[PDB]
Amino acid sequence: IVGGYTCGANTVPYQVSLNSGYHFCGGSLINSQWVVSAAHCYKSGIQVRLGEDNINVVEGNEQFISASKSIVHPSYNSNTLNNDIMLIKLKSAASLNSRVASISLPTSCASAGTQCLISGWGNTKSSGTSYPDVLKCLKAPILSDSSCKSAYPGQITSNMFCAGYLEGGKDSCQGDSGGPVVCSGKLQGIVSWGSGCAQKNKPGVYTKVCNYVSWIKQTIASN
Ligand SMILES: [Ca+2]
Ligand SMILES: [Mg+2]
Ligand SMILES: [Zn+2]
């Protein structure tokens, strides 16, 4: 996350870190047994770490649970990143508490202008590489589709939306992929892609979760 702040230990209780020997992506806990992340974060051998603040220090509030199965969306296109969403089931149910809570799925889609909270342990430099060990947060608004599409001509689909600042300066970055974009108490997006980080007129692009609620609900109930 570039131009963001340190969230605070366990202030984004639904935030998860996907680990395969090291942190490689973020995710969101939707209930005691399931996590939603981005399909381009699919790996074999995932351990989910909940209650994390510093990913390099076990401070007492963590739960490290291995995944039993992963389901990438049926229509995921790794070339265009369309339908970039995946569900991960936990081998054991997590214990929800103050530090580990699930986030609600949306009932409707959010409007341009809505302020959201984006979080993750990704790179914090646009021009440079600095990986933080504690969770970073960023408040950013949803941009109108017209400004999202002008920035990425022929690349945005109905399953994506942009959020951020066209002036640049603030944005999600690599290492944040799969993480949450929460607006008005609902999970509205998943960190998917962007052009470099925090560049002017290059906002980040997010998977539009309101379009997959039925798929999520049906898939988790049958697995
Ligand atoms: Ca820790
Ligand atoms: Mg981006
Ligand atoms: Zn990525």
Side-chain angles (χ1 to χ4, degrees), residues 1-4 6-13 15-20 22-27 36-43 47-65 72 76-86 94 97 99-100 116 118-127 129 131-143 147-148 151-152 155-156 160-181 189-208:
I1 298 288
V2 185
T6 300
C7 306
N10 310 123
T11 49
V12 189
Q15 172 82 234
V16 315
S17 167
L18 303 184
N19 180 294
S20 48
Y22 50 87
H23 164 88
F24 68 88
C25 271
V36 58
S37 181
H40 72 266
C41 287
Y42 169 81
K43 269 180 179 163
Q47 180 185 62
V48 175
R49 297 189 169 217
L50 315 171
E52 288 280 14
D53 178 44
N54 186 315
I55 51 177
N56 274 329
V57 181
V58 179
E59 294 169 272
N61 313 106
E62 302 89 336
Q63 290 182 57
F64 294 167
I65 304 167
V72 165
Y76 169 57
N77 187 310
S78 57
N79 291 139
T80 61
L81 288 210
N82 188 26
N83 300 300
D84 187 17
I85 184 168
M86 164 182 69
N97 58 59
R99 304 185 171 232
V100 185
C116 304
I118 305 173
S119 50
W121 289 277
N123 191 5
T124 58
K125 298 282 168 290
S126 2
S127 312
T129 304
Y131 277 88
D133 295 307
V134 289
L135 192 62
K136 296 292 183 165
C137 281
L138 174 67
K139 282 181 171 59
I142 293 187
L143 297 181
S147 50
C148 183
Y152 301 103
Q155 295 183 284
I156 307 300
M160 307 171 181
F161 67 83
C162 289
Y165 302 80
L166 297 184
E167 38 270 280
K170 285 161 172 203
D171 196 5
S172 49
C173 200
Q174 30 232 66
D176 296 318
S177 298
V181 180
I190 302 178
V191 183
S192 188
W193 55 281
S195 184
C197 306
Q199 292 296 292
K200 178 184 176 182
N201 288 296
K202 284 294 178 269
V205 185
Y206 306 89
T207 302
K208 195 174 181 187

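Both counts, for ligands and for their atoms, begin at 1 and track the order of listing. All heavy atoms count here, side chains included; hydrogens, waters and symmetry mates do not. One-based numbering along the sequence shown.
Using modelled atom types, one finds no donor on one side chain facing an acceptor on the other under 3.5 Å when comparing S17 with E52. Side-chain contact check for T6 and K136: at least one donor-acceptor pair (N or O, by modelled atom type) lies under 3.5 Å.
Closest N/O/S atom of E62 to the Ca ion (ligand 1): OE2.
Residue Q174: no N/O/S atom is found under 2.8 Å from the Zn ion (ligand 3). Among the atoms of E52, an N, O or S atom is found under 3.0 Å from the Ca ion (ligand 1). Metal site remark for the Ca ion (ligand 1): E59 contributes no N, O or S atom at a distance under 3.0 Å. Among the backbone and side-chain atoms of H40, an N/O/S atom is found under 2.8 Å from the Zn ion (ligand 3).
Looking only at distances, no side-chain donor or acceptor of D53 sits under 3.5 Å from a matching main-chain atom of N10. Not a single donor-acceptor pair under 3.5 Å links the side chain of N54 to the backbone N or O of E59.
At the Ca ion (ligand 1), the angle from O in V57 to O in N54 is 90° when rounded to 10°.
Contact of the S177 side chain with the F24 side chain is not registered, since no non-hydrogen atoms from C-beta on lie closer than 4.5 Å.
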